[PDB]
Structures are given as structure tokens and as C-alpha cells.
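Okay, so here's the structure we're looking at.
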Amino acid sequence: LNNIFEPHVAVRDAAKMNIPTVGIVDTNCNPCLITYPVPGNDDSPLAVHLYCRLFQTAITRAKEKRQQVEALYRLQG
Amino acid sequence: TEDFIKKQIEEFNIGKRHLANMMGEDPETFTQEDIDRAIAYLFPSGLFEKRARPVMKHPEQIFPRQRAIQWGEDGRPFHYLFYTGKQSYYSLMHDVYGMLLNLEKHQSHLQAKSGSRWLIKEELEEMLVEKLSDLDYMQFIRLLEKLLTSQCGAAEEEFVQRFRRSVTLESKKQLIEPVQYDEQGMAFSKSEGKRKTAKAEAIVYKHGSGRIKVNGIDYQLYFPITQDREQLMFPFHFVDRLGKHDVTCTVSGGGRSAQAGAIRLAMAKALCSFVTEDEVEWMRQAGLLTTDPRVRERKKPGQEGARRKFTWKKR
Amino acid sequence: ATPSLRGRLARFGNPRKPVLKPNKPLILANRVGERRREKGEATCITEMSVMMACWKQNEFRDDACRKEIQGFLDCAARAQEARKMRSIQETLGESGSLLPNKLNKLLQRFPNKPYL
Amino acid sequence: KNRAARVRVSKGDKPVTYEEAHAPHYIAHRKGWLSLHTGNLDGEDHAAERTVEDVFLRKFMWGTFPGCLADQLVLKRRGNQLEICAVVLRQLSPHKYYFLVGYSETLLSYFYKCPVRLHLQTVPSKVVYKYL
Amino acid sequence: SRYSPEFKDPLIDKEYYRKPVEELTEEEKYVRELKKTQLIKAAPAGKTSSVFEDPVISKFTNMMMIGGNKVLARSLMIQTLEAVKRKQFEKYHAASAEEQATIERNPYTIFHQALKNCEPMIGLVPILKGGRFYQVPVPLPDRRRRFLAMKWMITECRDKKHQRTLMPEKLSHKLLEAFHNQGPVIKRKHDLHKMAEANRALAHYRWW
RNA sequence: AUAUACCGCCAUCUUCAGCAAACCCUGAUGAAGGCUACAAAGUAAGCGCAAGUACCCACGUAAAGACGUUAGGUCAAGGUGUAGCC
Ligand SMILES: [Mg+2]
Ligand SMILES: [Mg+2]
Ligand SMILES: [Mg+2]
Ligand SMILES: [Mg+2]
Ligand SMILES: [Mg+2]
Ligand SMILES: [Mg+2]
Ligand SMILES: [Zn+2]
């Protein structure tokens, strides 16, 4: 929900072009078009810092972990 | 796209070589100003529009700044804030917000441990290949003002000065007429004047009585009406100098009032020689050191006198 | 406090008679009504009356009773100039007055969602 | 509506060029003049004969080239040296173009008592500027 | 028309600027005005910084001129002034002593008193309400009433004429009668006042 | 003889600014609409003014000001369609 209390249009256009969306639904949203919903608060100052950091740690184990498999295929050529 | 640009560049440089060869100067010293002069001399375009002139500059000015490609073969854009329409504008907004919060943190730390003008929307959109509206521009200007009002230093100071400009001159003071001596001519000075189709050349002296000579003869025989006399006395009355200044003007063209106003303007512009600048400023703010472009309006083929229509009725 | 409307509107679950029958549905919008303005004043009447009385009492010349007409003119000029200067230069005031722009802006900031 | 010689703005399908695309009041600003001679100044006369010769030459050039021309033709009356400098399309053989140019030059020099030399320009088609 | 915005008005007074070093507010004001020195408009061919004139006299002379005859209006004004001067001096030298000592010979004070006496006090307006025009007394400012009195005097001196009457001595006699609180312009003023008083029961129809 | 066949030249509206190619969404995909900068779906090539030319500059003036109503004025600047005739 933005600053007008209305479901955003990006979640409606994502399912149109066959694009998944992982959103954080609270208690006043529409968790129908979200392919991976999860009930959780998203209005507290100290709470939003947790989800924003967990998404940062997921990058450090996805793109940074890519180098572990690049050396396996580079042994042949 | 780049191939056509390279073709235009090579055509431009071979044309510059040919022009420097036909003119007779060295191609290295053949500057762009000389190129423009040679083009104007060889191609005399006699038009009124300044855009229809034969030019031969670098293709960077003829072709507009083309938008570069932000995505590669993989598909990932090169900029972080690209999936939002405007990229550079939002990046600059994020940067100025970061600078604002940095200044706020610095001010909080300091409290706990105890000529120029802004940019223009047109200039901004010409410098940065990006189009914007008016409300976002006003919001950005307000953010810049909030940045300036805060406690700045050096980094933020130069950051906000990079987005500044420089105004032109603002002192519209006229040139002070010097004192000229032409064959034993003490207190001699001349001036001009053009208003309502009237040209006057007054010769103000500071050693005679209190009379005015118009084309040799006095002003009484040429100005029988007291109106012109008062109009010519007003400048000498505004300076409290009457019986100690003599003038001899040679006015031509126009009626009585037009020539009187021309002589008045000439006297006002010539009196700026034996007095301080505060007096000439007081004379200018009162209505003396200024032009009067009140010329007769051009009559229209359908109106009575450049304003009133003909005989337009209702039935 | 606002009165409840349990059996006011004629609905399917009201086995009685409707008392309130509004023309428009009871659904508020997102804009505030315009403030009342542009009314007839026509002030200063007793002063003009006593001025006409003192004119009719004495002769037509204003030398026998100049104080009354002078005060009437002074009051009329003061009132007119005050009203003109106010309505020309000042429209805000102090805390709590004519506020329609910010009111409708706040109403549009938090509108109503009748479509669930 | 003062409908002049300007191109009407309707549907984007008329390949308008650059000459008559501008408004008729932008001649001395964003355009020029096809003809140029001394008859258009103060103190000179015999302008009617010049206009008649110009319109006759235009009609002759339009009739002898049914589609071989693009836009119009620039006139240069240099006292007694007329030059019908224009353009040419790349659709016919050069022999026919040379034949027509020679015939026109001979006719001009033997009728209007004035030698004429052409300066053809190689263009693919009509100098189109807007597809409006 | 032929003059851009943010321009000031040409000044006329000189003694105020001959020594502007009184206090600090006006000093800072004139300094800030002369700093940027905007393009001040030129002085017209009718205003003069002399002390031997009056702005009311200049306005009356400009209003008297019909069409484009400044010299004619100036000559008529000079004739009227010399006529009233001669009449004042003739009635002064042909008297006794108390009358000569209790009266002055300045025509400016007499003209100002005549203007202040002939100046109206109330004005009626034909308010169209329901299809009828009813006169309602409305207040008027000072300049408007002064202009109304001036135009009434002008139209009385112009229209009201027979065949043998003149114009300079006619206007002089009219001004002398208006100064003595017995004149036709004062009669018209009293008639308008009594007409407004007879219809004083219509003040409730006004809306401002 | 028809401007109720035109090309061409113009008129109050015009003392302002709206209209047309390519997409998407909402009206259950009905005729239609798509405005909220503390922003809820709008991007818009092009046209006319502003932007521009000249005169006394940046004031002012002139020149210009679309898509049309008036089957508006004119086959009677100039030429062409249909009727009757040498
Ligand atoms: Mg109803
Ligand atoms: Mg027109
Ligand atoms: Mg017809
Ligand atoms: Mg414009
Ligand atoms: Mg126009
Ligand atoms: Mg007709
Ligand atoms: Zn939310």
C-alpha cells in the first residue's frame, strides 16, 4: 500500500506479463496476485530495517556465491 | 548512428581543409570564427531569421545530444534507478537527499558537541538529456533552498555552487561626459538626443548669463510659447543653477514641443560634467536622464487612428 | 454525538416506516463545500439619517451643523477604506479561519474508498 | 480562414517538401525568391515583360518535363545571361537528359536572345522534409 | 504602451531631495532605489518643478483644453487669472478701509475656497432592481467629488451661455459668485442634496 | 442555370488554447473515460500561440493564430464537371 491506501498497479501488471512478485503483506492488503505472500508488519521503524537487511544478506549468498561454481566449469575451457 | 556522425565529422574536416586552402591561411590557425567569416563572405544570405544562416560547425551542435544506450547484451541496465522513467533526475534527488541528511547529522553532532542565480528548466533540460515538468522542478528548487539555508561547509558548499550560475551587469548608469577643450573652450561640453523625431545638440557652458540660443538666435524668437521655456528651465531649476549657465543648442527636425524635449534631454545629458554623481542620479530618478521613445503609432489598414476602428455598428 | 440510523433508510431489513428519505446517497465525497461569501452589507444608516436630519433642520449650507456631517463623512471613509484594504491585501488572519485549499488538499490526501 | 498557398495540416500522408511548406509571410525570413532581377527596385521599369517571360519559361519547363522535375526552378537574370539552375531525377537515361538540355538551351538562345547554361543536381526524388 | 513594467513615477518635488539626510529609513530607501536605478519614465510636457504654480490649476487647464490646443487653454487660464486679479484690485481700491483690511488679494485661496464650497457631499446611483431605476445615496471619495465639482463648473461655464456673453470675465464672475456662497453651481449642489434627501428611504437597496 | 461539383482568394467565432498516428488500463472487453508532485495510469511524434521576424531592445506595434458551424461571399481574379445552341 502506497500513500493513498490502494493496491499498487505494479502487482497487477506483474501477473499480466507472467512475472512473479514476492511481497510483504501486512493486514490491510490484497494477497491474491502475490505468488509468495507472508503476513508481517511493515510500518514500524525498527521492523522495516529487519526485512531490508535480510534481503541484503540474500544477495551476499546468491551473487557472491556465484564464484563458487564459476571455477568448476572453467577447468575445461 | 555513429557511422553517420563519423561521416559528418570527416565531411566537416575536409571542408575546413578546403576552406583553409582556398583562403590562403594555415589550417591549424584557421579558427571557427574565421570559418564563419569566410562562409558569410562566400555565401551572403540576406534574410531576417538568425536560424537560416549558412553554418559549418562541429556535428555536436547540428545534431542534438542523442540518448545513449543504458542496457547491454545481457539486458541489465547500467544505472540503478532505470526502471522508473527518469534516471538522472531521481539519482540527483537521492544525492541531494543524502546531502541533506548528512548536513542534518553534522548539525546534530555540532549541537551535541558544544552575483549568482539558480538554474533554469530550459538550461537544465539542455544540459541533461532529460525532460521534466514544473512541480517537480519547484520541489527540487525548494530542496536546494533548504540545502542552502542549512549550515553548509566546503563539500556541500561546492556541491550547491556547481548548480549555480552568474548574473550579468546590473548598474545601468550612463557614461559621465568628460570636459572637452576645443580652442580656448573652457567649460565646454556637447551631447545629443533623439525623441519624437527630433535631434538636438546642446552646448552647455559654465561662464555666461542665463539665456538659451537656438540655431544662433535666442530662444525667445524660436519658442514664443511659455511651454518650451518651462521645459527648458526645468533642468536648470532642478540643479538650482540659472543665471550662471549659458547654452547654445542647434536643434533640427520636429515641431516645437518635440524640439523642446530634445533640447531638454540634451541639456540633461550634458549637465553630467561639472557636478557629482548623486545629483545626476537624483535627476535620473526624477525624469531627465532617460529616453522617451513615444513615437507615433503605425496606422493600420482598417482602423481610424492605430486604435479606434471604423464605423462598426450592430444592425 | 451523531444519531444512529438503524431504522432510518428504507432497506430490506426494516419492518417499519422510513423517517429520513434523502435524495442523494449517504456517501461522503472527497471535497469540502465553499465558504459563504459575497453578501449585502449596507452599513452606516443612522449616521446618514442624522446627517439628512441636520441638513433639513438648518439651511442647505453645511456651516450651521458641520460637526455631524464631518463625523458622518469620517466614519464612512474609515469604514470604506478599512473594508477595501482588508479585502484587497489580507485574507488569512490568525489560527483557524477561511481554509478551503488546505482542507480539500487534506481531504484528497485521505479520501474515501466506497468500492471496498 | 485565410487559406493561402501554405500546406494544410490534416492527415500525415502528404510528402510535403521544404519550399512551399512554409507560410507565405515567412518569405523574407525563412525562405527566399525564385526570381531576381533589377525590375523590382525603385527607378526601374519593364517589369511586366520580365514577369511574362518568367511565367512563360516556368510553363515551358513544366510542360517539357512532365514529372522529370522535383520542386520549382531558381531564376537568375544577370542582365543578359539567364540560368535555369534546377535539379534532375534519377529515372531516365542520361542521353535523353542531355538531348532535352541541349534543345532547351538552343531554343532559349535562338528565341529570347540570351544564352542559357544549366547546372543539374543529382537527387533521387523530391526533396521531402515532412511526411505530414 | 511604449513603457515596460516595474517602472516608477517621475518626481516633481525638489526640496525633499535637495538635502535627504534627515533620518535613516528614507535614506536607506533612496539608496536602495538608486542602487539598481531602473528606467524611470520621462517628464511630460506639462509638469514643472517650479513653485509659482499649483497641480490643481494644471489639472483644470488640462481639462479645459478641448482636443489639441494647449496654447489656447493656457491663454484662457492666463486671461481668467488676470481678470480675477484686476477685479480683486478694483474692488479693493474702490472701498473704505475695514473692508480693504479684512480681505486678501490672493486668487489661489479664493479658488480653493470656491472648490471646497462647490464640492458635493453625496451621490445618487440608478440601481436597476426589478426593472426600475431608483436613486440610492452612496458615499464618494474626496478626489471623485472634486472632479465632479470641477466638471460641473466647466459645463456650467460652457453650456450655460446666450449670445452676448464672453468667456474669461464670465468664468471670473462665476468664480466670484461661487466664492460668496451664492452661485449656480451651489444651486445645483443644493438641488442634488435635497433630491437625495427626498429619496433617503432607499438606502437598504445598497449591497456594499 | 447550379459555389447542393470545385480548385483559388476571404469573413464574426480567434479579446484563448485544443485536436490528431503508435500503446496500456478501467468500464464483467456496451456505447466511453483515463485529472490528484505529501500524486490512485498515463508516455505522446505533429499542428496554432507562447517560443519566433521586423520597427523605436527584453515595452509596445505589425505579420500570423489548426482540425470546423454558417451547403457562409464569389462558377461574376482565373480555369475545369452536368444541361441547350453555332
Ligand atoms: Mg434522490
Ligand atoms: Mg486575416
Ligand atoms: Mg450557391
Ligand atoms: Mg508563439
Ligand atoms: Mg495571424
Ligand atoms: Mg450566394
Ligand atoms: Zn502498504
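No lab work stands behind these numbers, since they all come straight from the coordinates. Because the Cβ atoms are built from the backbone with ideal geometry, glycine has one as well, and the counts that use them run over all protein chains shown.
If you go through the stretch B:185-221, how many residues are part of a helix (DSSP H, G or I) and of a type outside the set (S, T, N, Q)?
Going through the stretch B:185-221 one residue at a time, the tally reaches 2.
Which of the helices (runs of 4 or more DSSP H) contained wholly in the stretch E:118-208 include at least 3 residues that are more than 12 Å from chain C (Cβ to nearest Cβ) and more than 18 Å from C:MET51 (Cα to Cα)?
On the way: elements: E:142-158, E:168-179, E:184-198.
Per the criteria, E:142-158, E:168-179.
Being among the aromatic types (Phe, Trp, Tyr) and either within 14 Å of chain C (Cβ to nearest Cβ) or within 16 Å of ligand 1 (Cβ to nearest atom) (or both) narrows it down to one residue among A:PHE55, A:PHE5; which is it?
A:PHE5
Taking D:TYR112 and the conditions (1) exposed (fewer than 11 other Cβ atoms within 10 Å of the Cβ); (2) hydroxyl-bearing (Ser, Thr, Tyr); (3) closer than 15 Å to D:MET61 by Cβ, which numbered condition does it fall short on, given that it satisfies the others?
(1)
Test each condition in (1) within 13 Å of chain E (Cβ to nearest Cβ); (2) touching a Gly at 6+ places or on another chain (Cβ under 7 Å); (3) more than 29 Å from E:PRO20 (Cα to Cα) for B:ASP292 and report the one that comes out false.
Failed condition: (3).
Go through B:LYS131, B:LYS86 for me and flag whichever is of a type outside the set (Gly, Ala, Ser) and either in a helix (DSSP H, G or I) or surrounded by 12 or more Cβ atoms within 10 Å (Cβ to Cβ) (or both).
Being of a type outside the set (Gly, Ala, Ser) and either in a helix (DSSP H, G or I) or surrounded by 12 or more Cβ atoms within 10 Å (Cβ to Cβ) (or both) holds for just one of B:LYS131, B:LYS86, which is B:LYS86.
So A:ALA10 clears everything in (1) among the aliphatic types (A, V, I, L, M); (2) over 23 Å from B:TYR83 (Cβ atoms); (3) within 16 Å of ligand 7 (Cβ to nearest atom) except one condition, right? Which one?
(2)
Based on what the data block shows, is D:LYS76 of a type outside the set (A, V, I, L, M), outside any loop (DSSP other than H, G, I, E, B) and within 22 Å of B:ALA52 (Cβ to Cβ)?
Values: of a type outside the set (A, V, I, L, M): yes; outside any loop (DSSP other than H, G, I, E, B): yes; within 22 Å of B:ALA52 (Cβ to Cβ): yes.
Against the criterion (of a type outside the set (A, V, I, L, M), outside any loop (DSSP other than H, G, I, E, B) and within 22 Å of B:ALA52 (Cβ to Cβ)), D:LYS76 qualifies.
Sort out which residues of the stretch A:24-42 are within 30 Å of C:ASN30 (Cα to Cα) and within 13 Å of ligand 7 (Cβ to nearest atom), and write them in order of number.
A:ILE24, A:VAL25, A:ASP26, A:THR27, A:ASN28, A:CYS29, A:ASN30, A:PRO31, A:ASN41, A:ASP42
Any residue at all in the stretch B:202-211 that's of a type in the set (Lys, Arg), out of contact with any helix residue (DSSP H, G or I) (no Cβ under 7 Å at 6 or more places or on another chain) and either surrounded by 12 or more Cβ atoms within 10 Å (Cβ to Cβ) or closer than 23 Å to B:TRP282 by Cβ (or both)? Walk me through it before giving the result.
Filtering the stretch B:202-211 down to residues of a type in the set (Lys, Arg) leaves B:206, B:211.
Going one step further and asking which of them are out of contact with any helix residue (DSSP H, G or I) (no Cβ under 7 Å at 6 or more places or on another chain), we end up with B:206, B:211.
Filter once more, so that each one left must be either surrounded by 12 or more Cβ atoms within 10 Å (Cβ to Cβ) or closer than 23 Å to B:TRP282 by Cβ (or both): B:206, B:211.
Yes, some residue in the stretch B:202-211 is of a type in the set (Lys, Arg), out of contact with any helix residue (DSSP H, G or I) (no Cβ under 7 Å at 6 or more places or on another chain) and either surrounded by 12 or more Cβ atoms within 10 Å (Cβ to Cβ) or closer than 23 Å to B:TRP282 by Cβ (or both).
Which ranges mark the helices (runs of 4 or more DSSP H) fully within the stretch E:1-91 that have 3 or more residues being more than 30 Å from B:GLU279 (Cβ to Cβ) and within 9 Å of chain B (Cβ to nearest Cβ)?
On the way: elements: E:15-18, E:25-36, E:55-64.
Answer list for the stretch E:1-91: none.
Could you go through the stretch C:53-67 and let me know if any residue there is out of contact with any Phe, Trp or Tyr (no Cβ under 8 Å at 6 or more places or on another chain) and within 16 Å of ligand 1 (Cβ to nearest atom).
No, the stretch C:53-67 contains no residue that is out of contact with any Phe, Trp or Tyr (no Cβ under 8 Å at 6 or more places or on another chain) and within 16 Å of ligand 1 (Cβ to nearest atom).
Tell me, which residue of the stretch D:109-132 that is of a type outside the set (D, E, K, R) and either more than 29 Å from D:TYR18 (Cα to Cα) or within 16 Å of ligand 1 (Cβ to nearest atom) (or both) is farthest from the other protein chains (Cβ to nearest Cβ)?
So the residue we want is D:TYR110.
Hey, does the stretch D:38-60 have a residue that's exposed (fewer than 11 other Cβ atoms within 10 Å of the Cβ), among the hydrophobic types (A, V, I, L, M, F, W, C) and not in a helix (DSSP H, G or I)? Lay out the reasoning, then the answer.
Going through the stretch D:38-60, the residues exposed (fewer than 11 other Cβ atoms within 10 Å of the Cβ) turn out to be D:41-43, D:45-46, D:48-49, D:52, D:59.
Applying the additional criterion that residues be among the hydrophobic types (A, V, I, L, M, F, W, C) yields D:41, D:48, D:52.
When the remaining residues are screened for being not in a helix (DSSP H, G or I), the result is D:41.
Looking through the stretch D:38-60, at least one residue is exposed (fewer than 11 other Cβ atoms within 10 Å of the Cβ), among the hydrophobic types (A, V, I, L, M, F, W, C) and not in a helix (DSSP H, G or I).
What do you reckon, is C:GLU47 under 22 Å from C:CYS75 (Cα atoms), surrounded by 11 or more Cβ atoms within 10 Å (Cβ to Cβ), acidic (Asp, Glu) and within 14 Å of chain E (Cβ to nearest Cβ)?
Working: under 22 Å from C:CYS75 (Cα atoms): yes; surrounded by 11 or more Cβ atoms within 10 Å (Cβ to Cβ): yes; acidic (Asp, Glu): yes; within 14 Å of chain E (Cβ to nearest Cβ): yes.
Yes: the conditions hold for C:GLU47.
Within the stretch E:149-172, can you find the residues that are of a type outside the set (S, T, N, Q) and surrounded by fewer than 17 Cβ atoms within 10 Å (Cβ to Cβ)? Write out each step before concluding.
Quick first cut of the stretch E:149-172, residues of a type outside the set (S, T, N, Q) only: E:149-154, E:156-162, E:164, E:166-171.
Correct list: E:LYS151, E:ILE154, E:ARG158, E:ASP159, E:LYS160, E:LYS161, E:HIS162, E:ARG164, E:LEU166, E:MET167, E:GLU169, E:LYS170.
Kindly provide the set of residues from the stretch B:222-257 that are surrounded by 15 or more Cβ atoms within 10 Å (Cβ to Cβ), part of a helix (DSSP H, G or I) and hydroxyl-bearing (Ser, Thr, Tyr), ordered by number.
B:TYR222, B:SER257
Exactly one of (1) surrounded by 12 or more Cβ atoms within 10 Å (Cβ to Cβ); (2) of a type outside the set (D, E, K, R); (3) over 40 Å from the mean Cα position of the chain (by Cα); (4) more than 30 Å from B:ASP3 (Cβ to Cβ) is unmet by B:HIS109. Its number?
(1)
Could you tell me whether the stretch C:61-74 includes any residue that is more than 25 Å from E:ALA114 (Cβ to Cβ) and not in a loop (DSSP other than H, G, I, E, B)? Even if it seems obvious, please write down each step before you answer.
Filtering the stretch C:61-74 down to residues more than 25 Å from E:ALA114 (Cβ to Cβ) leaves none.
Checked against the condition, which is being more than 25 Å from E:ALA114 (Cβ to Cβ) and not in a loop (DSSP other than H, G, I, E, B), the stretch C:61-74 yields no hits at all.
Taking the stretch E:74-118, which residues are of a type outside the set (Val, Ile, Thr) and crowded, with 18+ Cβ neighbours inside 10 Å?
Residues satisfying the conditions are E:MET77, E:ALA83, E:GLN88, E:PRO107, E:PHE111, E:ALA114, E:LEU115, E:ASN117, E:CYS118.
Whether any residue in the stretch C:86-103 is under 23 Å from the mean Cα position of the chain (by Cα), within 12 Å of another protein chain (Cβ to nearest Cβ) and in a helix (DSSP H, G or I) is what I want to check.
There is at least one residue in the stretch C:86-103 that is under 23 Å from the mean Cα position of the chain (by Cα), within 12 Å of another protein chain (Cβ to nearest Cβ) and in a helix (DSSP H, G or I).
Each row is one residue, and each column tells you yes or no for (1) within 16 Å of RNA strand F (Cβ to nearest atom); (2) polar (S, T, N, Q); (3) more than 14 Å from chain E (Cβ to nearest Cβ); (4) surrounded by fewer than 10 Cβ atoms within 10 Å (Cβ to Cβ).
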residue	(1), (2), (3), (4)
C:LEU5	no, no, yes, no
C:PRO18	no, no, yes, no
C:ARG37	no, no, no, yes
C:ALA42	no, no, no, no
C:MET51	no, no, no, no
C:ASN58	no, yes, no, no
C:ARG61	no, no, no, no
C:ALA64	no, no, no, no
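For the stretch B:230-267, which residues satisfy the criterion of being more than 9 Å from every other protein chain (Cβ to nearest Cβ), farther than 24 Å from E:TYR16 by Cα and not polar (S, T, N, Q)?
Hits for the stretch B:230-267 are B:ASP246, B:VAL247, B:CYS249, B:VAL251, B:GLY253, B:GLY254, B:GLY255, B:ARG256, B:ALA258, B:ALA262, B:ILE263, B:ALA266.
Would you check which residues across the stretch A:18-65 are within 16 Å of RNA strand F (Cβ to nearest atom), over 22 Å from A:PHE5 (Cα atoms) and either assigned to a helix (DSSP H, G or I) or among the β-branched types (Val, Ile, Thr) (or both) and list them?
Across the stretch A:18-65, the qualifying residue is only A:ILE19.
Quick one: which of B:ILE120, B:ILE176, B:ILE141 is within 35 Å of the chain's Cα centre (by Cα) and under 30 Å from B:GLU277 (Cβ atoms)?
B:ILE176
Taking interchain pairs and intrachain pairs at least six residues apart, which have beta carbon atoms under 6 angstrom, with the first residue in the stretch B:135-147 and under 15 Å from B:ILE120 (Cβ atoms) and the second surrounded by 14 or more Cβ atoms within 10 Å (Cβ to Cβ)?
Matching pairs, first to second residue: B:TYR137/B:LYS121.
Residues that are within 16 Å of ligand 1 (Cβ to nearest atom) and over 30 Å from E:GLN113 (Cβ atoms): does the stretch C:40-48 have at least one?
No, the stretch C:40-48 contains no residue that is within 16 Å of ligand 1 (Cβ to nearest atom) and over 30 Å from E:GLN113 (Cβ atoms).
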